[PDB]
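A single chain, nothing else alongside it, follows as structure tokens in the form deposited in one PDB entry.
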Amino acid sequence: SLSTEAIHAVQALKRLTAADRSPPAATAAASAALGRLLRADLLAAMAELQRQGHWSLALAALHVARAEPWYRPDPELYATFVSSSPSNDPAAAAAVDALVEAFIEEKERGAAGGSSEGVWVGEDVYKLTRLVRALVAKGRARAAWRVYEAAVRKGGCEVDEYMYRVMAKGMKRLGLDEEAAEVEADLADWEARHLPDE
């Protein structure tokens, strides 16, 4: 559930942006109501806004969160934003794609080393699969592909059959037959190394 501090923060955010729906003031209202909540409270506020349907406000909260010092690029966090995004909404869809681009840029922002390259290597497989699943579920075939290609194809994040099947089926039914075939190939390679051989 939500601490009274987070509940009051959400109410505060809504009531302020009510008198002015405009996004410029909406931002200033977010840092005003959510500016300095403990990580746990800010995350709960965000989730509550998503749950209620105030997606644009949830995004505003994300903005605030990105400024916090504890902030870290997290696939699960991004998946909730995709899941809660409005269906049949061109603007929303673009926002989702943009979000995916933001997640990969945030994650890879800290990489300049021949040092053991692992920006994606240590990533949570389940969470990353959840993000991909959500993107597919919302028809963001391209976005899904950027993520897979970034974290698995290049990032060298070791995934499993479940992840592959999700992608292959996703790309297929979404009309990227080209990429579907590549996933199947990646899967084929995987199988070629885990399947008991003789």
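Rigid core (definition): largest C-alpha set, two forms, superposition within 1.5 Å. All residue numbers are counted from 1 along the displayed sequence.
One more form of this protein exists, namely the form deposited in another entry; it is left out here, but the text below deals with it.
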query: Position with Cα shift of 2 Å or more, rigid core superposed between this form and the one not shown, options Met163, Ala33, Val147, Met171; finding: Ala33
query: Cα displacement of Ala180 between this form and the one not shown reaching 2 Å, rigid core superposed; finding: no
query: Core superposition between this form and the one not shown, C-alpha change of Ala91 at least 2 Å; finding: no
query: Flag for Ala45, CA shift 2 Å or larger between this form and the one not shown after aligning core; finding: yes
query: Direction of C-alpha distance change in the other entry, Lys127 to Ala40 (at least 3 Å); finding: farther
query: Direction of C-alpha distance change in the other entry, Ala150 to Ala111 (at least 3 Å); finding: farther
